[PDB]
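As a starting point, one isolated chain is supplied in structure tokens, in the form deposited in one PDB entry.
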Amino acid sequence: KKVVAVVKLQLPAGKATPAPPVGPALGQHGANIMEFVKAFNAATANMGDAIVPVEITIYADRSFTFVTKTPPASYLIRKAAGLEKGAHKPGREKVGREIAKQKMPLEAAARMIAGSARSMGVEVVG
């Protein structure tokens, strides 16, 4: 097995389709797009609407394997803090207010996790 490509995508959990980026990214190397879509969606079925980073390794005969990762740190901070699209209405709007352990791959790395939140700028309680 000799690697011909390593394709890095981020896709919506349970929601891959053969449309771009999946289609062109896998298609360039002849990988089975439909097989990827199906396995990806099966593997991320219990994940809600999370962003799932996914790495596809493609071989010279078009076979491939993939690894999924943990959602991006910025996504987790935002979701836990109530930040969502849609209902931006005139008048008052409220700012927002562990993930270190889910995102660590040793110890208190939550220093640029609490810090990223404030750069965001989400208020932390404790």
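Counting begins at 1, following the sequence as shown. Note that the rigid core is defined as the largest set of C-alphas that superpose within 1.5 Å between two forms.
Per the record, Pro105 and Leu106 are separated by 4 to 9 deposited residues that have no coordinates. Where coordinates are absent for parts of the deposited sequence, a chain break appears; between neighbours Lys69 and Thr70 there is no such break. Stretch comparison (46-54 versus 77-85) by mean CA B-factor in the PDB entry places 77-85 on top. Taking the PDB entry as given, 117-125 carries the higher mean Cα B factor of the two stretches 1-9 and 117-125. Sorting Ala39, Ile33, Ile99, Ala60 by the CA temperature factor given in the entry leaves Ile99 at the top. Sort the chain's modelled residues by C-alpha temperature factor and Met112 lands in the highest third, per the entry.
FYI, the form deposited in another entry isn't displayed, but the following is about it.
Superposing the rigid core between this form and the one not shown leaves a single residue from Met34, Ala45, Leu83, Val67 with a C-alpha shift of at least 2 Å: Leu83. Superposition on the rigid core between this form and the one not shown places the CA atom of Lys15 less than 2 Å from its counterpart.
Wider separation of the C-alpha atoms of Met47 and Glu84, by 3 angstroms or more, is seen in that other deposited form than in the present form.
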